[PDB]
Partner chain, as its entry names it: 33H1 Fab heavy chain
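Listed next as structure tokens is one chain, alone, in the form deposited without the partner chain.
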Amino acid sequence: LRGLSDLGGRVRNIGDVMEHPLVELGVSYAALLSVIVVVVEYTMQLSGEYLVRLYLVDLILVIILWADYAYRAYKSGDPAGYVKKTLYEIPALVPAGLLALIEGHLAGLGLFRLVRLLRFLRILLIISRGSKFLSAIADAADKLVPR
């Protein structure tokens, strides 16, 4: 009920354990596709049909990611606080569907300024996730190193 708290030994064991090699690989794989998915939409502008399927697929990827994030969220016992702490992680989950509806609302009102900033955010959003991709390959390369 609002006050002091402790989070170390707990998140420590559960941390090094939760990040089980399988967990890391699974997330890394999903992240890889996620990066390409957003890039495809940014680069290519497939028809509305494919776009619908792309959004659906993208949504699923978020669910898997939410699994890990959601796990820690409840663990902290304070999702609201946990979120304010992972603010730098939000941009990574920013669902396309959520922005899509918001973007449409702004456009309907006759706003284009926000749209411009939003576009830049899209490119920046990909760069942010780029760290995850780079980290995966970096570690993978060290582990793989076949010769």
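Residue numbers count along the first chain shown, from 1.
One more form of this protein, solved in complex with the partner chain, exists but is not displayed; see below.
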{"item": "Segment that reaches the partner chain in the entry with it bound - one of 28-36, 45-53, 104-112, 60-68, heavy atoms within 4.5 Å", "value": "104-112"}
{"item": "Non-hydrogen atom contact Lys85 with the partner chain in the entry with it bound at 4.5 angstroms", "value": "no"}
{"item": "Partner proximity in the entry with it bound: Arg119 to the partner chain, non-hydrogen atom cutoff 4.5 Å", "value": "yes"}
